[PDB]
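A short worksheet on the structure shown next.
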Amino acid sequence: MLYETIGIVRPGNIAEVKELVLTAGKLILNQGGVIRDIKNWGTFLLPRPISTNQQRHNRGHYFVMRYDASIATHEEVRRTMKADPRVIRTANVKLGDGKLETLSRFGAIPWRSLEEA
Amino acid sequence: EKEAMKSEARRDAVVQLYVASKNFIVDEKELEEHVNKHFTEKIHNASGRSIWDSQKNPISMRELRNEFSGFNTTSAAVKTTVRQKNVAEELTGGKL
Amino acid sequence: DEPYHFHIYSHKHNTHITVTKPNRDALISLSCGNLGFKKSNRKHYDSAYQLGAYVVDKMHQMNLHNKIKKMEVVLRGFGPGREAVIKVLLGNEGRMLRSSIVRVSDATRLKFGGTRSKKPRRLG
Amino acid sequence: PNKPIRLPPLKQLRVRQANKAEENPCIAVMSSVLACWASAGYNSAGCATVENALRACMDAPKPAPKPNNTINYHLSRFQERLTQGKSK
Amino acid sequence: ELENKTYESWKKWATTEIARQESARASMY
Amino acid sequence: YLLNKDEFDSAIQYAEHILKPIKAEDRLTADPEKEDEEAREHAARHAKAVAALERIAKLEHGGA
Amino acid sequence: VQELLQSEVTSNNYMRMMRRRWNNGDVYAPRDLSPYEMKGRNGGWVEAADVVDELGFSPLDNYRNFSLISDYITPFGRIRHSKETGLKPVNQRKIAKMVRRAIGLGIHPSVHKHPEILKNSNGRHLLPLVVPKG
Amino acid sequence: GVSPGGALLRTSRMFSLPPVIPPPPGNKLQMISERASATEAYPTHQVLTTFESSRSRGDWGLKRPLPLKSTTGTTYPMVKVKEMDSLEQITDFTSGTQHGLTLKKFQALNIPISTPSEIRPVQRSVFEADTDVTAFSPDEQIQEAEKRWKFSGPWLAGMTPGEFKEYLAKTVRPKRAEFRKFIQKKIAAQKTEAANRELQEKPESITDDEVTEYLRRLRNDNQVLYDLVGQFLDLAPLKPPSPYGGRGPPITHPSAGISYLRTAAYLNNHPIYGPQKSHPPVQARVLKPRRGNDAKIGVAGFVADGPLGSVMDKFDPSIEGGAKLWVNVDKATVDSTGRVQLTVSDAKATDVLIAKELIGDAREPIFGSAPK
Amino acid sequence: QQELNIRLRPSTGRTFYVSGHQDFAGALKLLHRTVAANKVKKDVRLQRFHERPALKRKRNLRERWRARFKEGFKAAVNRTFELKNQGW
RNA sequence: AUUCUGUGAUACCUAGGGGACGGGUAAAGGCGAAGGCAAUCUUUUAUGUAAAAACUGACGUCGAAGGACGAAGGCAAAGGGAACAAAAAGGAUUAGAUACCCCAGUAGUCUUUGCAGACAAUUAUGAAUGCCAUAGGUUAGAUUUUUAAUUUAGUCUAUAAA
Ligand SMILES: [K+]
Ligand SMILES: [K+]
Ligand SMILES: [K+]
Ligand SMILES: [K+]
Ligand SMILES: [K+]
Ligand SMILES: [Mg+2]
Ligand SMILES: [Mg+2]
Ligand SMILES: [Mg+2]
Ligand SMILES: [Mg+2]
Ligand SMILES: [Mg+2]
Ligand SMILES: [Mg+2]
Ligand SMILES: [Mg+2]
Ligand SMILES: [Mg+2]
Ligand SMILES: [Mg+2]
Ligand SMILES: [Mg+2]
Ligand SMILES: [Mg+2]
Ligand SMILES: [Mg+2]
Ligand SMILES: [Mg+2]
Ligand SMILES: [Mg+2]
Ligand SMILES: [Mg+2]
Ligand SMILES: [Mg+2]
Ligand SMILES: [Mg+2]
């Protein structure tokens, strides 16, 4: 099913992103998923200063990954992400409606346009 | 015939999902290549370290309504092309 | 550089006026009772007016009308002091500090559900 | 957004205050006098122009009443036509 | 011609309301 | 998505037959450097789409 | 220079009373200049017709757009009423639920507009800062 | 089989009242006012008149006689009826002089309407046997379709994103079968061309194989395809490879039934002076001065942009009645939206002086007194 | 910002800055209007005590009808003066 | 008044921790057999509604009893415990004050497993079928010359015959 995860990793190191994105990416592909697009947003302010693992953060490194996998895989990608101490927070959503008509119009994550559905 | 129409509409979606499969990532090779291409230190015009600099603001209502009220101005030539195709692709059903 | 803050907390029974420095550290933290107003005489509009005038007068004694270039006025609560202190900060009392204000905000505390409140009162 | 409803059948369609209620003018002028006394002081000099303005109102004659606004008559005409009807 | 008579009436109303706001602005201070 | 092997396969075959790089109008005008290039590229791209769609239409990756 | 400057202010004053934006082709009668018409008695600057249906976008699928979520909440962070948005009960419920999803997921403030949007608006250099205090 | 009483109502004058046409189209995403509404671009309801004797009684051929307070006294009796009988048992009407006299004003300018020209001025009439044509045949080639002005299909660039999707899924999607037949007719004629030619020195049009392959030959040349698709849906040509493509086809007749003059190539012979050079000037108002990067002026009820050129710079309260300047209307045309855009051009000095002379308000008479 | 992060708190949204065409006296007006459109004072009053779900629901039904009636009444008072203008 | 505070309170901040709550949206709105259900993501579940075709071919309605479900409060066990708050207790008011009001405050409210089965569990109106003339709103769809009208299933006002 078409899912979409928005992970917010700590801003300190770029390398942390690649490892995490690859870890979740390789996982989805191994299970049998199909990653559609992995956009790379930079480091901007968070909704509010939050504290995770005895550390105060004001801006994290955002990244959006839109993939199509099973329920068992999606749950695993969510737990592995949350277990990572390097992620400030994640936001997974069952993108789409469930019908094939709208499921075939989801391409790259848009920023200057809308997801015409 | 009524059941056939559903098959065609069901097929057109597959043809559309087929054309959009060029940017998908199926193997770990394409993943690593893609990640290294987009995840770099000086990617967002660096200066600046955010997508809020090269693509400053995400499209908003004011910008949307302005595309059809304020302007109408040469975006029609760009928009019309995308639209004309969609009309042709539907009739022919060949996703030109 | 954050401006100085001029919090004005006012509720049904009293009014507090705090003047903190940019790092939010109280410099003049007074109330209506500091002027001698006792149990119920610290809720009247006139008492809140005098308090604001006294705090402003104490600011001049500390030479804060030539030391603060940017100031902020925060309004918490909808008590009688909300309008009283303003007229003190808008009339003749406040005229050296009046032309140094950059922001005016409201800090009234609201809860989105929060904890259960007290049961309604049967005054009759 | 929905449109205004059709009023139910009322006994009489009218407005309570047909004509605006006029507020005594210098009651505000008195407020200014009181305000100056609070800030400046009772026996001051800047209160002269303000105190003299309060004495000016009482001496001045009150205006005459305005002509009645015939609005309740027309509302009674179109009551049965605008609303569901009349009740009694 | 009719516009002249109507435009002049608008000038009067504008002048009055303009002066009204000016007098209403003296109370803000 | 109310699909079966038949409809899926027919769609794939159909989809590929409509995007096949159209060969040049005549032989002499044709350039084997470009034609052969598009053929290999198109074939590889088609193989990818098949592997991708097959995974999306899988009934094991669905819900209740 | 004193007369010109003063005259300009008085000129703009009247220009503020003409609550109408004349366009090309708009027919105007001798009554369109009367004060009764220029007053702009209409108290509602409402939306024309269901902007959501025109743009044909599923709101629930655009929960990422921060500017889109900051357009349907008041500066205090409260979802706007159907009167302001001018949407249908269905489209309103979709946008209302799209604003609650983002706030619930923890990717958008619930008491003000997104911080990155506060930097581009008026008062960018006056935004309340946080002194380290230590 | 119609009854005699039913046959009289069919031809009655009241039954002839046209339906209320949709209002002038505006931007679908704006903040139009609801409680108060200004005059519209073009009229929507039919204007009515009556005899001077029947007007004094309030009889307008309607359900009931109208009131005499607001219906008598004016020179031109004009009235519009929104509802012959509303829920208040009253004929909801309103004055119709706003649009009724505006048509008379515009018809006093003696200016035709011509097709807009991209920016050698060529004012071509709208009423011609080559351009003003709606009927057609399927056999007609694409070129003549540009001449037409009334297309059945919508304008893609104008349609909103939501309207476009609805059009596709309700007008284009359920037409593939018919479109396939359309191609067969074309392919059929193609086979006859070669045969006819060689014979000098049609088939049944049933070939489901060539059609599928015929469309694969046009995927490299999208231009010729759209050219063919435009004929099956009656879409207005958009790409240059032109006329009224910037703002799309006119929703109405290019003249919009406001003026039926074909040309202005005439010289009004003045009684004394003689054949004048240009047309008589017209006095206009000033709205929204420059100091909005343009000035608006009211030329005979309509609002147009000021001439390409004091008066326009700044507003002047001292001037009684407002700034009024003389000006000559050069060209008039109707845009896609239906508005009447006028190419107002600054007037000359002598023209105004000559025109004022008849009015009797000319300060100095050119006739006689003028020594030089 | 780069060296100092913005203080993100409920008061940040309820903030109004002083500009050339908007002095301190004017900012208060904008504040009071925005604080009244969001019903901050009302919320403080409704949050002083607890209102169980039933009472809250029943209180809304009464307040919502008085708003519809008032809105439906204002439309009738203006429909009257519309018909009166036409001379009916 | 009891009460909190010089063992530094209220007020203004910084950094951590902990529990239950659900602001706006919000409406005569909606969903379930009812009781009842309003922050959010994923997962999971039975009906119901609209339009077209196709299919089974009376397979339907009500339903003592049994069984299931059933608000708040209550009982039992183990958690939780910020807030609210029966009880117990104090301070006032009063002729007297158990009270209403106030400073505080335990069960309980919450989580898990059972018991319990009483409610103005109400539309003071059992469920279901056939049928009877209109108007103005409103909810979720459908059709159309989609502008605005027809139309299906609900809901709410005001009427005709009765
Ligand atoms: K104190
Ligand atoms: K302390
Ligand atoms: K039973
Ligand atoms: K007691
Ligand atoms: K109904
Ligand atoms: Mg208590
Ligand atoms: Mg009592
Ligand atoms: Mg918590
Ligand atoms: Mg109930
Ligand atoms: Mg709520
Ligand atoms: Mg139901
Ligand atoms: Mg049978
Ligand atoms: Mg049963
Ligand atoms: Mg229970
Ligand atoms: Mg219990
Ligand atoms: Mg126990
Ligand atoms: Mg308590
Ligand atoms: Mg039980
Ligand atoms: Mg109950
Ligand atoms: Mg029963
Ligand atoms: Mg209901
Ligand atoms: Mg009834």
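Below are the figures for this structure:
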read-out	value
Filter pass, A:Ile28 being crowded, with 21+ Cβ neighbours inside 10 Å, more than 8 Å from chain B (Cβ to nearest Cβ), assigned to a helix (DSSP H, G or I) and not polar (S, T, N, Q)	yes
Extreme residue, nearest to ligand 1 (Cβ to nearest atom), among residues of region H:3-33 that are within 9 Å of another protein chain (Cβ to nearest Cβ) and out of contact with any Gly (no Cβ under 8 Å at 6 or more places or on another chain)	H:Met31
From the options C:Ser31, C:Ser40, residue that is under 13 Å from the mean Cα position of the chain (by Cα), within 15 Å of RNA strand J (Cβ to nearest atom) and among the hydroxyl-bearing types (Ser, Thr, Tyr)	C:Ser31
Residue in region C:52-60 that is hydroxyl-bearing (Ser, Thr, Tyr) and either away from ligand 1 (no atom under 15 Å from the Cβ) or assigned to a strand (DSSP E or B) (or both) present	no
Test set (1) surrounded by fewer than 15 Cβ atoms within 10 Å (Cβ to Cβ); (2) touching a helix residue (DSSP H, G or I) at 6+ places or on another chain (Cβ under 6 Å); (3) not in a loop (DSSP other than H, G, I, E, B) - H:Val229 fails condition number	(1)
Inter-residue pairs, beta-carbon under 6 Å, first within 8 Å of chain H (Cβ to nearest Cβ) and in region E:1-21, second loosely packed, with under 14 Cβ neighbours inside 10 Å and charged (D, E, K, R), 6+ apart	none
Test for H:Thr337: is it in a strand (DSSP E or B), within 14 Å of chain G (Cβ to nearest Cβ) and among the polar types (S, T, N, Q)	no
Exclusive hit being in contact with a strand residue (DSSP E or B) (Cβ under 7 Å, 6 or more places away or on another chain) and farther than 26 Å from B:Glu33 by Cα, set A:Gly33, A:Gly60, A:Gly25, A:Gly96	A:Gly96
Subset of region H:176-212 (residues that are farther than 19 Å from B:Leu96 by Cα and small (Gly, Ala, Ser))	H:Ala188, H:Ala189, H:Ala194, H:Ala195, H:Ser205
Those residues of region A:53-88 which are in a strand (DSSP E or B) and of a type in the set (S, T, N, Q), in sequence order	A:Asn58
The listed residue being of a type in the set (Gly, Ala, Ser), within 30 Å of B:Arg65 (Cα to Cα), more than 14 Å from chain G (Cβ to nearest Cβ) and within 16 Å of RNA strand J (Cβ to nearest atom), out of H:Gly162, H:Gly153	H:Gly153
Which numbered condition B:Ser7 fails, given (1) more than 18 Å from the chain's Cα centre (by Cα); (2) over 17 Å from A:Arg105 (Cβ atoms); (3) within 10 Å of chain A (Cβ to nearest Cβ)	(3)
When residues of chain E are limited to those that are of a type in the set (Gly, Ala, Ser) and in a loop (DSSP other than H, G, I, E, B), the one nearest to H:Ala323 (Cα to Cα)	E:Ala26
Count of residues meeting criterion [in contact with a strand residue (DSSP E or B) (Cβ under 7 Å, 6 or more places away or on another chain) and within 24 Å of H:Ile258 (Cα to Cα)] in region H:40-86	8
Scope region G:100-119; condition within 14 Å of chain I (Cβ to nearest Cβ), closer than 18 Å to A:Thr90 by Cα and more than 6 Å from RNA strand J (Cβ to nearest atom); matching residues	G:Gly106, G:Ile107, G:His108, G:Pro109, G:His114
Near pairs, Cβ below 7 angstrom, 6+ apart or cross-chain, from region B:69-84 (in a loop (DSSP other than H, G, I, E, B)) to any residue that is surrounded by 13 or more Cβ atoms within 10 Å (Cβ to Cβ)	B:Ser69/H:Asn27; B:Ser69/H:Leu29; B:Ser69/H:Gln30
Within region I:29-65, tally of residues that are under 10 Å from the mean Cα position of the chain (by Cα) and within 11 Å of RNA strand J (Cβ to nearest atom)	5
Any hit, region H:109-126, residues being under 30 Å from G:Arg31 (Cβ atoms) and small (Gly, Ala, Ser)	no
Qualifying residue in region H:138-146 (condition: within 28 Å of H:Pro254 (Cα to Cα) and surrounded by 14 or more Cβ atoms within 10 Å (Cβ to Cβ))	yes
Region F:1-19, residues that are touching a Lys or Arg at 6+ places or on another chain (Cβ under 9 Å) and exposed (fewer than 14 other Cβ atoms within 10 Å of the Cβ)	F:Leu2, F:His17
Failed condition for C:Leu75, given (1) crowded, with 21+ Cβ neighbours inside 10 Å; (2) part of a strand (DSSP E or B); (3) within 16 Å of ligand 1 (Cβ to nearest atom); (4) within 14 Å of chain I (Cβ to nearest Cβ)	(3)
Candidate set from region C:9-51 (those that are within 14 Å of chain G (Cβ to nearest Cβ) and among the polar types (S, T, N, Q)); member that is farthest from ligand 1 (Cβ to nearest atom)	C:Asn23
Tally, over region B:10-31, of residues that are more than 7 Å from every other protein chain (Cβ to nearest Cβ) and surrounded by 14 or more Cβ atoms within 10 Å (Cβ to Cβ)	3
Elements of type helices (runs of 4 or more DSSP H) contained in region G:21-99, each with 1 or more residues being surrounded by fewer than 18 Cβ atoms within 10 Å (Cβ to Cβ) and more than 7 Å from every other protein chain (Cβ to nearest Cβ)	G:35-38, G:82-85
H:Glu118 vs. criteria in contact with a helix residue (DSSP H, G or I) (Cβ under 6 Å, 6 or more places away or on another chain) and in a loop (DSSP other than H, G, I, E, B)	no
Residue that is nearest to RNA strand J (Cβ to nearest atom), among those in region D:4-45 that are of a type in the set (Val, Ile, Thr) and surrounded by 12 or more Cβ atoms within 10 Å (Cβ to Cβ)	D:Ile5
Some residue of region H:96-106 being in contact with a strand residue (DSSP E or B) (Cβ under 6 Å, 6 or more places away or on another chain) and of a type outside the set (D, E, K, R)	yes
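Every read-out reported here was derived from the displayed coordinates using simple, explicitly stated rules and does not represent laboratory data. When we count neighbours, we look across all protein chains shown, and the Cβ atoms used for this are built from the backbone with ideal geometry, even at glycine.
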